[PDB]
């Protein structure tokens, strides 16, 4: 009788999840935007005050995209004229409002088209990047000091990353790192001089007569990579009469012998900085720990304080070497690394000691270190109940590792099995964000005795609306394969009846270290498919998936397009044998890496799938970037791993597509997985006489997320799936 969750509900966002994004400004207070007003909250009592009026900038003219209060609450950086670039990069215009004198600064303002800006960690200094060069402002209203002068579009990047470093290494545009108290400003410099350019058309509005050609330095597998240099400058000794002096910290000799990457920068103390370097063959990384020499004014990194991290079974770290977590005095540090059994755990290092000591162990993994005090280290792991798709917050006593306490496990076991956390400045307080299997729940806690102070947001409004809807349920479980358990999830239609046969859609990603089977609550396309079309949407984490140890994750090392593809077919095979699945109506779909796997599956000749949809798929690894591809595949040379590069393409399986229905989709302005990848798939299908469905999205990138494109792609795929399953 009640309505179902429809395609329109998903597309129009009828049912919204409420959140509670706060920002810690001290060890006791946080900012929260309410009614467009920014309020300051006292964590102990829950009382608040208005920090900034939503009306204060009424006659500002420009539409503010975001704001950023200086650490000392004295200034607020206003961001506007936002123009997106890649996944993290963008340029904007900035203005600064003096909160003390309630006045907007008009002298020496930050330039327009600024690529990145950031307050110093303490006080109110500024460091921004413009035209690829670094600038520092000791005071909001004072003239800025030019730090670098080599900045050159698409060639030299100071303080910001190029395309590949942004996407595959730092997951940020930013390549600036303020020392703890703001004395030093460390930055990286990238040189893409010999990096080939990916070129593609951009059509723009109808009014543009000639299409524009976008050119982006983008190193494909085996190509020339950007080179990197690291520098540290003293912002306390800057002169208006002399060009600032930047001190360079060179990479270790073991890295200089060949191509390499700078993969991590983490300050230990006011005068100690750590950096990790990664060889192009990503199974060997080195950590340098460098101390400032007050006499010479140089930075020295004692060889005795070097830390090597390598792997024999695969690459290093999940996507890159993990970040260290230094103690107060910076003499020791905690870092997640795979142990001798292949599971990622916390190892305790002494800076000038080679062997580290594991403080956690077991057939499960630590996801991340979240906070550290002299008595405790707080972290998230999937240990609880052995569910690799669950996440809980734990604390471990540094003086006795046998004492591990779970802080989120038992708060509400039925509703919450997946948490992330946010600690205040000195870990005095923490916010728990539960996101599944029930509706998101946000809470505030105090560390001293782990008290549950109060509920910030429980989504009771949403829960009330969802009561009048026939919502699907989610089953999370596992199947066995060679004495190994692999998890999967099924979004089951409302009133699931195991005596009936339901068509089944396999939602896949399956890239290395991926996880598509978890306890997270989601309102997405699958929700509609199961609620309205009574289609079962399943996902499976096979070989190559993460958070279950290296034996599983490294199974596809140097072998992409093999086991993770085979395991998806196996899962579907097993699901088709279950009583509630109509083995005549089984489909598969994926986006990005999932598009690749979906394509490899459809072209495998397995006969298990009737149809499938691939969105922006990778088609041959030589078309994807160096940093990510080489991480798993090595180099595409005959002496390294070229053969597997050549027979792991979608194109080579073209002929096998004759017995399935295939829908191939891709945005023409995809800067990540180039349209080229789908252009070559379609040509190969054409070459063997295989008919298929296609859709390109003019000017859309990898996310095909503009409002209209988003509604259009999902509307189009819905028709395809319904048609494939013979649904009304």
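Between two forms, the rigid core is defined as the largest C-alpha subset superposing within 1.5 Å. Positions refer to the first chain, counted from 1.
Asks: Which of the two stretches, 209-217 or 234-242, moves more in 4 other deposited structures of this protein when the core is held fixed, judged by C-alpha RMS distance?
Replies: Of the two stretches, the larger average C-alpha offset in 4 other deposited structures of this protein falls on 234-242.
Asks: Core fit done; bigger CA RMS in 4 other deposited structures of this protein for 488-496 or for 293-301?
Replies: Result of the core-fitted comparison in 4 other deposited structures of this protein: 293-301 deviates more.
Asks: Output the stretch having the higher mean C-alpha B factor in the entry; the candidates are 15-23 and 708-716.
Replies: Result: 15-23.
Asks: Select between 332-340 and 482-490 the stretch whose C-alpha atoms have the higher average B-factor in the entry.
Replies: Higher of the two, by average CA B-factor, is 482-490.
Asks: Between 79, 630, 323, 518, which carries the biggest CA temperature factor in the record?
Replies: Highest C-alpha B-factor among the listed residues goes to 79.
Asks: Determine which member of 597, 147, 265, 506 has the highest CA B-factor, using the values in the deposited entry.
Replies: Among 597, 147, 265, 506, the highest C-alpha B-factor in the entry belongs to 147.
Asks: Ranking the modelled residues of this chain by C-alpha B-factor as given in the entry, is residue 645 in the lowest, middle or highest third?
Replies: It belongs to the middle third of the chain when residues are ordered by C-alpha B-factor.
Asks: Among the modelled residues of its chain, does the C-alpha B-factor of residue 653 lie in the lowest, middle or highest third?
Replies: Tercile = middle for this residue's CA B-factor.
Asks: Would the CA B-factor of residue 302 place it in the lowest, middle or highest third of its chain?
Replies: Top third by C-alpha B-factor.
Asks: Could you tell me which third, lowest, middle or highest, the C-alpha B-factor of residue 362 occupies within its chain?
Replies: Middle third - that is where residue 362 ends up once the chain's C-alpha B-factors are sorted.
Asks: In terms of the CA temperature factor given in the entry, to which third of its chain does residue 676 belong: lowest, middle or highest?
Replies: It falls in the bottom third of the chain.
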